[PDB]
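Participant: So that you have it, the file is run_36.cif, and it contains mmCIF, C-alpha atoms and all ligand atoms:
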data_final
loop_
_atom_site.group_PDB
_atom_site.id
_atom_site.type_symbol
_atom_site.label_atom_id
_atom_site.label_comp_id
_atom_site.auth_asym_id
_atom_site.auth_seq_id
_atom_site.Cartn_x
_atom_site.Cartn_y
_atom_site.Cartn_z
ATOM 1 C CA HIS A 1 -42.568 18.427 -2.907
ATOM 2 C CA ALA A 2 -40.469 20.579 -5.238
ATOM 3 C CA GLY A 3 -38.361 23.347 -3.731
ATOM 4 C CA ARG A 4 -39.920 26.709 -2.906
ATOM 5 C CA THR A 5 -38.603 29.004 -5.638
ATOM 6 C CA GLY A 6 -40.942 28.400 -8.558
ATOM 7 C CA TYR A 7 -38.435 27.858 -11.355
ATOM 8 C CA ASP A 8 -39.942 28.191 -14.829
ATOM 9 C CA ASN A 9 -38.190 27.443 -18.121
ATOM 10 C CA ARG A 10 -40.366 30.203 -19.573
ATOM 11 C CA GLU A 11 -39.145 32.791 -17.066
ATOM 12 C CA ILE A 12 -35.535 31.615 -17.299
ATOM 13 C CA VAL A 13 -35.416 32.089 -21.071
ATOM 14 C CA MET A 14 -37.407 35.320 -20.808
ATOM 15 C CA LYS A 15 -34.850 36.893 -18.475
ATOM 16 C CA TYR A 16 -31.878 35.538 -20.422
ATOM 17 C CA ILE A 17 -33.177 36.621 -23.826
ATOM 18 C CA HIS A 18 -34.254 39.950 -22.334
ATOM 19 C CA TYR A 19 -30.702 40.929 -21.379
ATOM 20 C CA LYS A 20 -29.565 39.817 -24.832
ATOM 21 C CA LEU A 21 -31.946 42.310 -26.438
ATOM 22 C CA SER A 22 -31.391 45.070 -23.879
ATOM 23 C CA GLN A 23 -27.748 45.009 -24.976
ATOM 24 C CA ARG A 24 -28.902 46.774 -28.140
ATOM 25 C CA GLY A 25 -31.681 48.764 -26.488
ATOM 26 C CA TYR A 26 -34.588 47.045 -28.243
ATOM 27 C CA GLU A 27 -37.512 47.257 -25.826
ATOM 28 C CA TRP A 28 -38.732 43.673 -26.188
ATOM 29 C CA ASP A 29 -42.476 43.444 -25.561
ATOM 30 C CA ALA A 30 -42.182 40.154 -23.676
ATOM 31 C CA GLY A 31 -44.541 41.005 -20.836
ATOM 32 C CA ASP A 32 -47.447 42.256 -22.937
ATOM 33 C CA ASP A 33 -49.456 42.130 -19.711
ATOM 34 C CA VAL A 34 -48.179 45.428 -18.307
ATOM 35 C CA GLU A 35 -50.903 45.622 -15.656
ATOM 36 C CA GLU A 36 -48.550 45.700 -12.653
ATOM 37 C CA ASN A 37 -48.608 42.063 -11.538
ATOM 38 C CA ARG A 38 -47.202 41.986 -8.004
ATOM 39 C CA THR A 39 -48.617 38.637 -6.881
ATOM 40 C CA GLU A 40 -45.934 37.552 -4.415
ATOM 41 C CA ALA A 41 -43.606 40.485 -5.075
ATOM 42 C CA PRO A 42 -40.667 40.428 -7.541
ATOM 43 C CA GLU A 43 -38.228 39.638 -4.728
ATOM 44 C CA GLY A 44 -36.785 36.245 -5.596
ATOM 45 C CA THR A 45 -33.255 35.988 -4.223
ATOM 46 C CA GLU A 46 -33.815 32.230 -4.427
ATOM 47 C CA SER A 47 -33.865 31.819 -8.209
ATOM 48 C CA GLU A 48 -31.864 35.063 -8.516
ATOM 49 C CA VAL A 89 -28.543 33.392 -7.725
ATOM 50 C CA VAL A 90 -29.254 30.948 -10.551
ATOM 51 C CA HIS A 91 -30.260 33.654 -13.027
ATOM 52 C CA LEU A 92 -26.922 35.449 -12.700
ATOM 53 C CA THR A 93 -25.107 32.134 -13.128
ATOM 54 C CA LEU A 94 -27.038 31.012 -16.209
ATOM 55 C CA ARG A 95 -27.055 34.452 -17.837
ATOM 56 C CA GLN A 96 -23.404 35.113 -16.991
ATOM 57 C CA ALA A 97 -22.169 31.572 -17.646
ATOM 58 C CA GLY A 98 -24.151 31.208 -20.857
ATOM 59 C CA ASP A 99 -22.688 34.364 -22.376
ATOM 60 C CA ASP A 100 -19.279 33.307 -21.060
ATOM 61 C CA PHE A 101 -19.384 30.027 -22.988
ATOM 62 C CA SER A 102 -20.440 31.627 -26.273
ATOM 63 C CA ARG A 103 -17.604 34.124 -25.849
ATOM 64 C CA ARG A 104 -15.145 31.220 -25.782
ATOM 65 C CA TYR A 105 -16.501 29.893 -29.082
ATOM 66 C CA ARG A 106 -15.978 32.406 -31.892
ATOM 67 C CA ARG A 107 -16.735 30.067 -34.797
ATOM 68 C CA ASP A 108 -19.475 27.488 -34.244
ATOM 69 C CA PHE A 109 -22.965 28.723 -33.352
ATOM 70 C CA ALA A 110 -22.752 31.985 -35.302
ATOM 71 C CA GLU A 111 -21.069 30.502 -38.377
ATOM 72 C CA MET A 112 -23.879 27.945 -38.619
ATOM 73 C CA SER A 113 -26.478 30.713 -38.276
ATOM 74 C CA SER A 114 -25.838 31.557 -41.934
ATOM 75 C CA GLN A 115 -27.501 28.243 -42.791
ATOM 76 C CA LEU A 116 -30.550 29.000 -40.641
ATOM 77 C CA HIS A 117 -31.616 31.584 -43.232
ATOM 78 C CA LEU A 118 -34.487 34.014 -42.588
ATOM 79 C CA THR A 119 -38.152 32.982 -42.850
ATOM 80 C CA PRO A 120 -41.175 32.792 -40.463
ATOM 81 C CA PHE A 121 -42.324 29.440 -41.861
ATOM 82 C CA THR A 122 -39.056 27.479 -41.832
ATOM 83 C CA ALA A 123 -37.698 29.339 -38.791
ATOM 84 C CA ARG A 124 -39.708 27.157 -36.408
ATOM 85 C CA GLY A 125 -38.756 23.950 -38.202
ATOM 86 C CA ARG A 126 -35.123 25.027 -38.502
ATOM 87 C CA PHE A 127 -34.848 25.749 -34.773
ATOM 88 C CA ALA A 128 -35.584 22.191 -33.637
ATOM 89 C CA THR A 129 -32.989 20.749 -36.018
ATOM 90 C CA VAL A 130 -30.371 22.941 -34.336
ATOM 91 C CA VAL A 131 -31.188 21.999 -30.739
ATOM 92 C CA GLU A 132 -31.708 18.368 -31.751
ATOM 93 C CA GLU A 133 -28.052 18.149 -32.775
ATOM 94 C CA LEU A 134 -26.921 19.848 -29.563
ATOM 95 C CA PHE A 135 -28.270 16.965 -27.476
ATOM 96 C CA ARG A 136 -27.853 13.960 -29.767
ATOM 97 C CA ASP A 137 -26.461 11.442 -27.278
ATOM 98 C CA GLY A 138 -26.886 12.880 -23.796
ATOM 99 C CA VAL A 139 -27.470 16.186 -22.027
ATOM 100 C CA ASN A 140 -25.211 18.156 -19.684
ATOM 101 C CA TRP A 141 -24.660 21.583 -18.127
ATOM 102 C CA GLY A 142 -22.275 22.447 -20.944
ATOM 103 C CA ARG A 143 -24.835 21.374 -23.533
ATOM 104 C CA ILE A 144 -27.776 23.125 -21.877
ATOM 105 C CA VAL A 145 -25.833 26.391 -21.838
ATOM 106 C CA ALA A 146 -24.937 25.925 -25.503
ATOM 107 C CA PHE A 147 -28.557 25.588 -26.620
ATOM 108 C CA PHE A 148 -29.548 28.531 -24.426
ATOM 109 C CA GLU A 149 -27.067 30.761 -26.248
ATOM 110 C CA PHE A 150 -28.215 29.389 -29.602
ATOM 111 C CA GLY A 151 -31.809 30.409 -28.977
ATOM 112 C CA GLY A 152 -30.755 33.970 -28.268
ATOM 113 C CA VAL A 153 -28.720 34.168 -31.464
ATOM 114 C CA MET A 154 -31.822 33.148 -33.410
ATOM 115 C CA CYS A 155 -34.284 35.353 -31.533
ATOM 116 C CA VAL A 156 -32.035 38.296 -32.390
ATOM 117 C CA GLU A 157 -31.593 37.171 -35.998
ATOM 118 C CA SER A 158 -35.231 38.028 -36.677
ATOM 119 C CA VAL A 159 -34.673 41.507 -35.244
ATOM 120 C CA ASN A 160 -31.725 41.961 -37.604
ATOM 121 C CA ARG A 161 -34.104 42.178 -40.565
ATOM 122 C CA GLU A 162 -37.573 43.021 -39.251
ATOM 123 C CA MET A 163 -39.051 40.394 -36.937
ATOM 124 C CA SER A 164 -38.420 41.555 -33.368
ATOM 125 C CA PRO A 165 -41.776 40.038 -32.252
ATOM 126 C CA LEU A 166 -40.370 36.668 -33.333
ATOM 127 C CA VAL A 167 -38.151 36.829 -30.242
ATOM 128 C CA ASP A 168 -41.235 35.815 -28.263
ATOM 129 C CA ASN A 169 -41.938 32.757 -30.412
ATOM 130 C CA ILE A 170 -38.317 31.683 -29.981
ATOM 131 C CA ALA A 171 -38.391 31.796 -26.182
ATOM 132 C CA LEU A 172 -41.565 29.705 -26.418
ATOM 133 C CA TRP A 173 -39.983 26.879 -28.415
ATOM 134 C CA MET A 174 -36.857 27.018 -26.254
ATOM 135 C CA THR A 175 -38.984 26.441 -23.156
ATOM 136 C CA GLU A 176 -40.838 23.561 -24.807
ATOM 137 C CA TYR A 177 -37.721 21.644 -25.839
ATOM 138 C CA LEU A 178 -35.676 22.719 -22.827
ATOM 139 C CA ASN A 179 -38.312 21.304 -20.486
ATOM 140 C CA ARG A 180 -39.201 18.468 -22.866
ATOM 141 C CA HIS A 181 -35.644 17.125 -22.455
ATOM 142 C CA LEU A 182 -33.445 19.167 -20.103
ATOM 143 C CA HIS A 183 -35.968 19.644 -17.269
ATOM 144 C CA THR A 184 -35.993 15.856 -16.967
ATOM 145 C CA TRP A 185 -32.198 15.642 -16.881
ATOM 146 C CA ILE A 186 -31.920 18.668 -14.590
ATOM 147 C CA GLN A 187 -34.745 17.779 -12.203
ATOM 148 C CA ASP A 188 -33.774 14.101 -12.155
ATOM 149 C CA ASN A 189 -30.229 15.200 -11.309
ATOM 150 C CA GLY A 190 -31.012 17.778 -8.642
ATOM 151 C CA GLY A 191 -32.429 20.813 -10.402
ATOM 152 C CA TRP A 192 -31.706 24.429 -11.306
ATOM 153 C CA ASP A 193 -29.822 24.828 -8.026
ATOM 154 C CA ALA A 194 -27.646 21.823 -8.884
ATOM 155 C CA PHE A 195 -25.868 23.841 -11.574
ATOM 156 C CA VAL A 196 -25.496 26.958 -9.431
ATOM 157 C CA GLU A 197 -23.834 24.823 -6.755
ATOM 158 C CA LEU A 198 -21.370 23.434 -9.300
ATOM 159 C CA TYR A 199 -20.708 26.853 -10.831
ATOM 160 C CA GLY A 200 -20.864 28.802 -7.584
ATOM 161 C CA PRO A 201 -19.255 32.218 -8.309
ATOM 162 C CA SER A 202 -16.062 33.137 -6.456
ATOM 163 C CA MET A 203 -17.429 32.939 -2.907
ATOM 164 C CA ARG A 204 -20.959 34.237 -3.471
HETATM 165 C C1 LIG A 301 -21.730 26.149 -30.181
HETATM 166 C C2 LIG A 301 -21.328 24.758 -29.652
HETATM 167 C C3 LIG A 301 -21.421 23.778 -30.840
HETATM 168 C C4 LIG A 301 -22.286 24.342 -28.498
HETATM 169 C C5 LIG A 301 -21.826 23.107 -27.683
HETATM 170 N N1 LIG A 301 -20.419 23.255 -27.183
HETATM 171 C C6 LIG A 301 -20.010 23.093 -25.758
HETATM 172 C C7 LIG A 301 -18.969 23.867 -25.230
HETATM 173 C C8 LIG A 301 -18.568 23.729 -23.907
HETATM 174 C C9 LIG A 301 -19.190 22.804 -23.048
HETATM 175 C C10 LIG A 301 -18.666 22.734 -21.609
HETATM 176 O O1 LIG A 301 -17.743 23.438 -21.217
HETATM 177 N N2 LIG A 301 -19.192 21.908 -20.702
HETATM 178 S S1 LIG A 301 -18.699 21.900 -19.072
HETATM 179 O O2 LIG A 301 -19.772 20.931 -18.414
HETATM 180 O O3 LIG A 301 -17.233 21.279 -18.999
HETATM 181 C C11 LIG A 301 -18.778 23.517 -18.371
HETATM 182 C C12 LIG A 301 -17.678 24.349 -18.460
HETATM 183 C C13 LIG A 301 -17.740 25.627 -17.935
HETATM 184 C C14 LIG A 301 -18.889 26.091 -17.278
HETATM 185 N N3 LIG A 301 -18.961 27.460 -16.703
HETATM 186 C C15 LIG A 301 -18.080 28.661 -16.592
HETATM 187 C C16 LIG A 301 -16.582 28.312 -16.539
HETATM 188 C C17 LIG A 301 -18.409 29.262 -15.226
HETATM 189 C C18 LIG A 301 -18.390 29.688 -17.713
HETATM 190 S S2 LIG A 301 -17.691 29.275 -19.352
HETATM 191 C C19 LIG A 301 -18.672 28.047 -20.118
HETATM 192 C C20 LIG A 301 -19.990 27.834 -19.707
HETATM 193 C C21 LIG A 301 -20.688 26.736 -20.209
HETATM 194 C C22 LIG A 301 -20.087 25.890 -21.150
HETATM 195 C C23 LIG A 301 -18.785 26.143 -21.587
HETATM 196 C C24 LIG A 301 -18.075 27.232 -21.084
HETATM 197 C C25 LIG A 301 -20.027 25.232 -17.195
HETATM 198 N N4 LIG A 301 -21.362 25.605 -16.568
HETATM 199 O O4 LIG A 301 -21.831 26.731 -16.675
HETATM 200 O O5 LIG A 301 -22.021 24.799 -15.931
HETATM 201 C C26 LIG A 301 -19.940 23.936 -17.731
HETATM 202 C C27 LIG A 301 -20.241 22.022 -23.576
HETATM 203 C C28 LIG A 301 -20.641 22.165 -24.906
HETATM 204 C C29 LIG A 301 -19.447 23.569 -28.284
HETATM 205 C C30 LIG A 301 -19.881 24.816 -29.089
#
What do you get writing this file as structure tokens?
Ligand SMILES: CC1(C)CCN(c2ccc(C(=O)NS(=O)(=O)c3ccc(NC(C)(C)CSc4ccccc4)c([N+](=O)[O-])c3)cc2)CC1

Facilitator:
Amino acid sequence: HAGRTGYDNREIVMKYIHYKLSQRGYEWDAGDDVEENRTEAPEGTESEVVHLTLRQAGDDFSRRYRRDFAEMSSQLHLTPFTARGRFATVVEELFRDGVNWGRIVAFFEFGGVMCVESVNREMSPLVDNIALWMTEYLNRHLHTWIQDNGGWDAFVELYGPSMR
């Protein structure tokens, strides 16, 4: 028993980060497996309603906070070795006491800022590694808080767009 959508932290971050990159027009090679994979068709109105909420809400939050996540980015510095180790330290502080919708969204936005940081210099591919770590930690901590407290749909119900 577990819904019938097929939610996946990996796919959620992939879609979110994708739009973040598309904004600039950088064809992110996320789906290296471009062999037309139409298993059960792309149609997924189920998890679709949640995607728009997370992607739209996430960006909405970051927009409300001009100086916080970006300002700190300067400390993150650029490097493929420390990048991985520096990422955890950032998400670790986000959820130090307890998790919440507002916190989840925050981390989500943070990951994108970092994934793009690499592209700023010359590490677009790094965007893939970022989404990977985000899915590990997200599910390592959030998935438990989200699933235990309803699930992905729980948030969409709370932040149900005007009518739709
Ligand atoms: C960069 C930071 C250091 C990250 C952590 N921060 C937070 C900021 C705001 C919240 C927060 O608002 N929590 S909430 O639980 O009170 C909430 C408020 C609003 C909304 N959704 C809107 C209004 C639809 C879009 S605007 C938005 C989205 C998420 C967070 C903040 C603003 C949701 N939600 O999507 O579930 C949840 C939590 C942490 C402070 C800045």

Participant: Would you pick out the contacts of stretch 181-196 of chain A at 9 Å or less, using all atoms listed in the file, so that residues sharing its chain but fewer than 5 positions from it are not included, and give the list as an MDAnalysis selection string?

Facilitator: chainID A and resid 7 9 47 89:91 93:94 135 139:141 144 176 201

Participant: Could you state which residues are captured by the PyMOL selection byres (((not hetatm)) within 12 of (chain A and resi 301)) in this file, as a ChimeraX atom specification?

Facilitator: /A:90-113,130-136,138-151,153,186,192-202

Participant: Pick out the residues sitting within 9 Å of residue A:18, and hand them over as a list in words; count all atoms listed in the file, and ignore anything fewer than 3 positions along from it in its own chain.

Facilitator: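 Neighbouring residues, sequence-local ones excluded: residues 13, 14, 15, 21, 22, 23, 27, 28 and 30 of chain A.
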
Participant: To one decimal place, how far is atom CA of residue A:170 from atom CA of residue A:34 in Å?

Facilitator: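 Those two atoms sit 20.6 Å apart.
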
Participant: How many Å lie between atom CA of residue A:41 and atom CA of residue A:1, rounded to one decimal?

Facilitator: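 Separation of atom CA of residue A:41 and atom CA of residue A:1: 22.2 Å.
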
Participant: Measuring atom to atom with only C-alpha atoms, identify which of A:46, A:158, A:24, A:35 is nearest to residue A:116.

Facilitator: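 Closest candidate: A:158.
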
Participant: Would you mind telling me which residue in A:6, A:44, A:120, A:31 lies nearest to residue A:163 when using only C-alpha atoms?

Facilitator: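 Of A:6, A:44, A:120, A:31, the one nearest residue A:163 is A:120, counting only C-alpha atoms.
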
Participant: So, counting all atoms listed in the file, which residue among A:10, A:156, A:115, A:5 is closest to residue A:172?

Facilitator: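 Nearest candidate to residue A:172 out of A:10, A:156, A:115, A:5: A:10.
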